[PDB]
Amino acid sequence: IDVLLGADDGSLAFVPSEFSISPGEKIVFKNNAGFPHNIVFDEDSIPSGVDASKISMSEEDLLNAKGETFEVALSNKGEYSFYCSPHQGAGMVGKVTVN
């Protein structure tokens, strides 16, 4: 599934921000608008036993040009909360469910 970082009107959101996937399906996050942007998974808000480090950017790593992507695949089922560290306060957050 593709997820935009930044809406086409420059809003600071994931598009889509809530979605479901199958195990091992890829998520491609692509730098769209209002960068820099990143994707960090919340260690306290993903399935038990998952290593967030494995599926996130570092807090300090950024995508700062149009069309940069980060790709990840999830396999454990459950809900995964994620956010953009620099724009978390702006409401740039999301949640994916692996079902």
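Counting begins at 1, following the sequence as shown.
Chemist: Can you let me know which of the two, 19 to 27 or 74 to 82, has the higher average C-alpha B-factor in the entry?
Modeler: Averaged over C-alpha atoms, the B-factors run higher in 19 to 27.
Chemist: For the stretches 28 to 36 and 49 to 57, which has the higher mean C-alpha B-factor as given in the deposited record?
Modeler: For C-alpha atoms only, the mean B-factor is higher in 28 to 36.
Chemist: Would you please rank residue 91 by its C-alpha temperature factor against the other modelled residues of its chain and give the third it falls in: lowest, middle or highest?
Modeler: Residue 91: CA B-factor falls in the lowest third of its chain.
Chemist: Would you mind ranking residue 98 by its C-alpha B-factor against the rest of the chain and naming the third, lowest, middle or highest?
Modeler: Its C-alpha B-factor, which the entry lists for residue 98, ranks in the highest third among residues of this chain.
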